[PDB]
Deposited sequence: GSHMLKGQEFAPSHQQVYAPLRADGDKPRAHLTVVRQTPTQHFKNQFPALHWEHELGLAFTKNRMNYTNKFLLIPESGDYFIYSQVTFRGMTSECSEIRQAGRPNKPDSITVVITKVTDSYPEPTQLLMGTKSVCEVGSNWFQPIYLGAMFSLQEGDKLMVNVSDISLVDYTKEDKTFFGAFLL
């Protein structure tokens, strides 16, 4: 049993005032471990390597589309860099609707890189349960 590898699973909460979400990180099912830092809406990478990244956001209801982006930031570039984008057009039947949107992929990251999630529209996101909207990464 080795690792000790950095790992984090974060879950949704009521957002206060493309916007980034902020996160639960220790309560319920969320957690961070092995030097992973969740701070200031970011995941802070402690070790350069290849990570698998994910998030699902569930959206629920007059807009055109919903969109998620998981986004990397480094002080090397400080142009921020877009790793994953889920974008879906919306079908105006209700209109009490909801759609999950889910991403995950692998990326090579520098120690010190920053990760956040951004949505088209913070007021659409379902913040109510921890298993509907979340965001996670681990070192491979």
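The deposited sequence has C-alpha coordinates everywhere except the stretches 1-22, 40-46, 91-105.
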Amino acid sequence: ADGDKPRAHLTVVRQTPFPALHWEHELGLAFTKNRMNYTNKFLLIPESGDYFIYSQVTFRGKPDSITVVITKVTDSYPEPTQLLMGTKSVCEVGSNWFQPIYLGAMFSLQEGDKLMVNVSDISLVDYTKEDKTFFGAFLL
From here on, numbers count along this sequence of modelled residues.
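With 99-107 and 84-92 compared on mean CA B-factor from the PDB entry, the stretch scoring higher is 84-92. Between 70-78 and 23-31, the higher mean Cα B-factor belongs to 70-78. By the numbers in the PDB entry, the CA B factor is greatest at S65 among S65, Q56, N40, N37. The PDB entry assigns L140 a C-alpha temperature factor belonging to the middle third of its chain's modelled residues. Sorting the modelled residues of the chain by their CA temperature factor places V12 in the lowest third. Remark: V119 belongs to the lowest third of its chain, ranked by C-alpha B-factor as recorded. The entry lists a Cα temperature factor for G112 that places it in the highest third of the chain's modelled residues. In the PDB entry, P46 places in the middle third of its chain by CA B-factor.
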